[PDB]
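Structure first, commentary second.
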Amino acid sequence: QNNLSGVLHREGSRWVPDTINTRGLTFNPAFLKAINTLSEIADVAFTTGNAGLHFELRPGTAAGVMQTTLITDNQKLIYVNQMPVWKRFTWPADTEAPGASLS
Amino acid sequence: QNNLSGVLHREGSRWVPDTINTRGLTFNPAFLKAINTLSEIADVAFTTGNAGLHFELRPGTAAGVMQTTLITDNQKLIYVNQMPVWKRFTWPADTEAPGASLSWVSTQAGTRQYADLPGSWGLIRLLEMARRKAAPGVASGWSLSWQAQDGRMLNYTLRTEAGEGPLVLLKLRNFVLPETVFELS
Amino acid sequence: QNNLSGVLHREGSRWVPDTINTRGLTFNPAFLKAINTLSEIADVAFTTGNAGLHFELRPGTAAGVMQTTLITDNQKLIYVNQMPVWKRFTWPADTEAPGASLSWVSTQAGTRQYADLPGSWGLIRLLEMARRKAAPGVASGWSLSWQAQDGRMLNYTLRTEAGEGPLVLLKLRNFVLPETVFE
Amino acid sequence: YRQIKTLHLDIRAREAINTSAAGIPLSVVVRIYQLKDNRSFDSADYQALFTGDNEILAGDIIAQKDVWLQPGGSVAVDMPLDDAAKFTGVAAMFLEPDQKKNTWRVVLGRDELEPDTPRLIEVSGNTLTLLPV
Amino acid sequence: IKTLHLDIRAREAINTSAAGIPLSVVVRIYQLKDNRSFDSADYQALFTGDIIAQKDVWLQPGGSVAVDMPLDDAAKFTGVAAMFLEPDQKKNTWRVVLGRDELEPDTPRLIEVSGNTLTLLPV
Amino acid sequence: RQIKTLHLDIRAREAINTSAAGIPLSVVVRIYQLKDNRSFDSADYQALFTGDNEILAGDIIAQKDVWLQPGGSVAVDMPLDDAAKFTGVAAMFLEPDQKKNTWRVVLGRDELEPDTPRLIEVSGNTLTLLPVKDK
Amino acid sequence: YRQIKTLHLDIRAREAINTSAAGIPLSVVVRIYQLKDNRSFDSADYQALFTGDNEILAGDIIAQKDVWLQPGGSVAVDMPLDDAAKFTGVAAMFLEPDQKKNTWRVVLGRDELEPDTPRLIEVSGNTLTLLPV
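Chains A, B, C, D, E, F and G, in that order, give the protein sequences. For the first sequence, UniProt numbering gives the first residue as 925, with consecutive numbering after it. For the second sequence, UniProt numbering gives the first residue as 925, with consecutive numbering after it. For the third sequence, UniProt numbering gives the first residue as 925, with consecutive numbering after it. For the fourth sequence, UniProt numbering gives the first residue as 43, with consecutive numbering after it. In case it helps, UniProt numbering puts the fifth sequence at residues 46 to 93, 101 to 175. For the sixth sequence, UniProt numbering gives the first residue as 44, with consecutive numbering after it. For the seventh sequence, UniProt numbering gives the first residue as 43, with consecutive numbering after it.
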């Protein structure tokens, strides 16, 4: 918004080339693929202005496994083959020892 | 951005001299070294708008030390020689008594603490009294090793997240803003 | 890329000068040879951005050796002339005792250490003393045979993932940066 | 025959225990457990027993004691065995423990406790050897 | 029956590669209560519960060894496997299984090893 | 009741096997099971490098080959054969002191306590056998 | 011989205890401990015993009492010794304590307690002197 004010539009979520004022001025077609990706991660994970999103895990069953423990960032999911539910996680939580582990 | 709007550009993180409109107008070459240092510490410690960063310590082992305790700002790390992990610290936390302290339990004697430096800048005083070197085994690491009394070493392994972590505040040691922007001779 | 961005381009992995836009400017021909060597190290040993690489190792045999052990940065390799298996290595390894050590057991002798080289640069000091050639069976395979004492040749077959692997860091043996770029 | 009541435990530590990469011996911690059941204490990993906590394994731990095995030295453990307790456990906090063969803990049952002669437990590097009487 | 008496007669050219140089062999002796696991395991995963005792003897090339070890009364069989450079798993000649009734105890049994072949000698 | 299994352990000091620049490199010790201690006590430091499997012809029963990193330690529990009447411990430094002959110990079989092992402290380039003390 | 049960302690305080820089005597606090072990209480510093807390040293403290030694005055301590308790500790909270020689606490064992006559403990500046009977 300081240097490409004429030739690049913030349309929707992606950036597009402006059709006017591009006489003989071509973008590198990886560069448009780059910052239409870096403004697509920006609309999923970094929506509020900082890193935060909410995804839901439902555990599954498997042949001959009695209990699976998924811990993310001090949030547990202990599944001992009961009626499965949805545990709404978040990432990255501001806890004391952020990590991930699966046992 | 009010007085040097023509001759100084905020490119990236550093400030550079603008090449246009620099006819006969020279900067003091300590002044560009100054506020490219005060805009590096701005991008490591003060990123969010206020003082806060996250660096990770992994404890180390040493000959004949049973337990080392590092406390910063009411965050403990008690290491009694088990399988070492990473404790993700936070400086400066908003707790009730911010400080830094290091106490080691020898094989011979009881727990003589190495230093007890209170205040919000406790942790920078502790990393200043270290004997640090770059760490080849882990990146981007820094293997601190405080030498305690009685010839015993206390080894730790600092891993940052960006730049130099809380080692970057030791660029501020004996730092002085230059009195002169433009040099006249 | 901040001072010679007009006369010096990185095409591929080499730093070629530009035939147009050179006056003459006569580069120091060692200096075009110096940074062509440093930019070759960085694409094999320093590929992530930090110092780190991964090679494999298959042990080899000789006449009159019972057990040959190789320790580097607490990665152990022990051969007693069984079926040869590659073991994936890592240098440097996160440890508190960085170094290498090599011991051999002859049929005549017992354990004699070839060398125990401490320090993070240890495995390079170990890889300096071995005669190398291209192992023709596997590519990219290098033959590694440390001539020990008692005439035995502790044999090893090294396979890298890209380029020469860890052997390239011996290119800096009496390396010199040119004091002068131009003349 | 009731008097197994007092527990006597003498743990000797050898001249090389819990060695790091550079082979230097380090004074390990031995955590002494007293249970109500052996099946849960068998079914825990090394991480989920010291680091963090539990609730059902913690529901079975009744007594707990922590000694420091100076390398080459020893320790004498005398603690009153609880009546509802029916199992003793001993675990170490090793630097590089062997999790595949599970040689970092032992399950001393209640009926295997001698009433007066303490049981010798010897450590060598990273093993908790239960010595035979 | 009570204590083992074995003798391993290694040849002058053992474990030779395609170059044909004599190389030493380490052998691994196992006591067996049941031969459903030792004889159903391949050469690879055997060197990485049923395994009772484990003895390891280097075969110094050209020499030999006399092997005495304390036996167990649960050792129903005795399986002795070596580590060859060319594991003939399709012939399984890298291991032998000696039953406990095959022991003539007071005179040590001979097993001559030639190249990459273990051979139980006829009693 | 008996000596049956050997319990032995070695504690090096921090300055062992020092090279010309004062750098302590790690050293290797070797363990023997011997019958008569004359052949090992009379043979010299040089010939036990390569003739160690040959100059003790028939004297060796079981051999153990144990590393020692400087300042570190190691404990070895190998099963002792009943016929062996001596135990040879041979350190192989970069430089010996053959005159005082302090680079070896010969432990008699009656000296071995059954449960409490014997330390072999290594200092400088010398071996030493420590006294026995227990509960 | 069982009747050790009541603890009697008379602590006399001299005319110069816990002196500041200007030598003025200040009324110290004496913290009286009753433990199950002595090895952890010898392995604590002055900081980690009063300032803050612990969990395993706090797991060993069973009884605890706080008296105020007016300078020149005295105090009389009578408290019931617990049966599972096997050790008595007395520590002061000195202004400038001597941490190198550890003269700011004493470890009165259980078998050294007199049944009726209280033990005299005298303080002189910054020392907890256990007076001999």
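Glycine included, each C-beta is placed from N, C-alpha and C at the ideal position.
Tell me where the beta strand (DSSP E) around residue i begins and ends.
i, result
"residue 151 (chain D)", "147–151"
"residue 129 (chain F)", "129–135"
"residue 44 (chain G)", "Segment: none, residue 44 (chain G) is in no beta strand (DSSP E) and carries neither H nor E."
"residue 1079 (chain C)", "1077–1084"
"residue 958 (chain A)", "Counting along the chain, residue 958 (chain A) falls outside any beta strand (DSSP E), though it belongs to the alpha helix (DSSP H) covering 955–958."
"residue 100 (chain G)", "Note, residue 100 (chain G): premise wrong, no beta strand (DSSP E); alpha helix (DSSP H) at 99–102."
"residue 111 (chain F)", "107–111"
"residue 118 (chain G)", "116–122"
"residue 74 (chain G)", "70–77"
Under 8 Å between C-beta atoms, does residue i make it to chain A?
i, result
"residue 1012 (chain B)", "yes"
Can you confirm whether residue i, when its beta carbon is compared against all beta carbons of chain F, has any partner nearer than 8 Å?
i, result
"residue 1025 (chain C)", "yes"
"residue 160 (chain D)", "no"
"residue 147 (chain D)", "no"
"residue 130 (chain D)", "no"
Going by DSSP, which residues form a beta bridge with residue i?
i, result
"residue 1024 (chain B)", "B:996 and B:1041"
"residue 975 (chain B)", "Per DSSP, none; premise fails for residue 975 (chain B)."
"residue 1011 (chain A)", "A:981"
"residue 167 (chain E)", "E:59"
"residue 50 (chain E)", "Its beta-bridge partners do not exist; DSSP assigns none."
"residue 1030 (chain B)", "B:989"
"residue 161 (chain G)", "G:51"
"residue 940 (chain B)", "B:933"
"residue 1002 (chain B)", "B:993"
"residue 1068 (chain C)", "C:1056 and C:1080"
Given a cut-off of 8 Å, decide if residue j and residue i are closer than it, judged by their beta-carbon atoms.
i, j, result
"residue 165 (chain G)", "residue 75 (chain G)", "no"
"residue 1092 (chain C)", "residue 965 (chain C)", "yes"
"residue 1097 (chain C)", "residue 1071 (chain C)", "no"
"residue 55 (chain F)", "residue 116 (chain F)", "yes"
"residue 148 (chain E)", "residue 123 (chain E)", "no"
"residue 53 (chain D)", "residue 72 (chain D)", "yes"
"residue 1031 (chain C)", "residue 113 (chain E)", "yes"
"residue 51 (chain D)", "residue 161 (chain D)", "yes"
"residue 1061 (chain B)", "residue 1016 (chain C)", "yes"
"residue 989 (chain C)", "residue 1082 (chain C)", "no"
"residue 978 (chain B)", "residue 1013 (chain B)", "yes"
Quick one: give me the first and last residue of the alpha helix (DSSP H) that residue i is part of.
i, result
"residue 1049 (chain C)", "1046–1052"
"residue 93 (chain F)", "90–93"
"residue 1059 (chain C)", "Residue 1059 (chain C) -> no alpha helix (DSSP H), and no H or E assigned at all."
"residue 934 (chain A)", "Note, residue 934 (chain A): premise wrong, no alpha helix (DSSP H); beta strand (DSSP E) at 932–935."
"residue 84 (chain F)", "81–85"
With 8 Å as the threshold, decide whether the Cβ of residue i is near any Cβ in chain C.
i, result
"residue 66 (chain E)", "yes"
"residue 93 (chain F)", "yes"
"residue 166 (chain E)", "no"
"residue 1063 (chain B)", "yes"
"residue 71 (chain E)", "yes"
"residue 108 (chain F)", "yes"
Out of the options, which has the shortest C-alpha to C-alpha gap to residue i?
i, options, result
"residue 79 (chain E)", "E:101, E:146, E:66 and E:135", "E:101"
"residue 981 (chain C)", "C:959, C:1085 and C:963", "C:1085"
"residue 952 (chain B)", "B:941, B:945 and B:962", "B:941"
"residue 945 (chain C)", "C:969, C:977, C:931 and C:1067", "C:931"
"residue 141 (chain F)", "F:158, F:153, F:156 and F:169", "F:169"
"residue 59 (chain G)", "G:159, G:135 and G:158", "G:135"
"residue 84 (chain E)", "E:49, E:66, E:150 and E:159", "E:150"
Of all Cβ atoms in chain E, is any one closer than 8 Å to the Cβ of residue i?
i, result
"residue 987 (chain C)", "yes"
For residue i and chain D, any beta-carbon pair shorter than 8 Å?
i, result
"residue 946 (chain B)", "no"
"residue 1035 (chain B)", "no"
At least one CB of chain B closer than 8 Å to the CB of residue i: is that the case?
i, result
"residue 134 (chain G)", "no"
"residue 99 (chain D)", "no"
"residue 137 (chain D)", "yes"
For the ligand NAD, I want to know if residue i counts as a neighbour, meaning its beta carbon is within less than 7 Å of at least one of the ligand's heavy atoms.
i, result
"residue 162 (chain G)", "This structure lacks the ligand NAD, and indeed carries no ligand of any kind."
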